[PDB]
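Peer 1: Quick one: the structure is below, questions incoming.
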Amino acid sequence: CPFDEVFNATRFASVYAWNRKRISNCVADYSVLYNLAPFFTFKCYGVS
Amino acid sequence: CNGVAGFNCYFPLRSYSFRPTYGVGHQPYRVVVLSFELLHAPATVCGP
Ligand SMILES: *[C@@H]1O[C@H](CO)[C@@H](O)[C@H](O)[C@H]1NC(C)=O
């Protein structure tokens, strides 16, 4: 399911108009969330 | 990870940071566990 267009997006949204998306009925591959760049912050609360 | 922090290189310890202000279900608790072994032996220990 598409995470490319929500990350490789040309135009983003303002802080007061923070952009919403809902994802359901898909398979999520959270490994290809690695080459966004050299050095980025990845913190998650609740699960390992 | 050559012994340095980074992505996929996480230090396997975490902290609590207890403050008097959190909710009733988050304060520290003190736990002690007593283990016995009821078998055949010289019976070193028992009560009054
Ligand atoms: C789209 O985003 C992914 C996220 O990891 C990235 O790997 C990929 O290179 C991006 N697409 C392009 C054309 O750069």
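Peer 1: Take the Cα coordinates of chain B, assign each an equal point scatterer, and use the Debye formula without solvent to give log10 I(q)/I(0) at q = 0.22 Å⁻¹.
Peer 2: With one equal scatterer per Cα and no solvent, log10 I(q)/I(0) is -0.92.
Peer 1: Dipole magnitude of chain A about its Cα centre, charges +1 at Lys/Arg Cβ and -1 at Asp/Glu Cβ only, in debye to the nearest 20?
Peer 2: Charge dipole of chain A: 240 debye, to the nearest 20.
Peer 1: With only alpha-carbon atoms counted, please give the Rg and Dmax of the protein assembly as shown, in Å.
Peer 2: 25.3, 80
Peer 1: How many angstrom lie between the Cα centre of the stretch A:6-34 and the Cα centre of chain B?
Peer 2: Between the Cα centre of the stretch A:6-34 and that of chain B, the gap is 39 Å.
Peer 1: Which one, A:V15, A:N35, A:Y45, projects farthest toward the positive side of the charge dipole computed for chain A from Cβ point charges (K/R +1, D/E -1)?
Peer 2: Result: A:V15.
Peer 1: At a 4.7 angstrom Cβ threshold, list every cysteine in the protein assembly as shown that has nobody to pair with, or say none.
Peer 2: A:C44, B:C46
Peer 1: Take the Cα gyration tensor of chain A, multiply each eigenvalue by 5, square-root it, and list the three semi-axes largest first, rounded to whole angstrom.
Peer 2: 19, 16, 14
All of the numbers you see were taken from the coordinates with simple rules; none came from a lab. With ideal geometry, Cβ positions are generated from the backbone for all residues, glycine too; neighbour counts draw on all protein chains shown.
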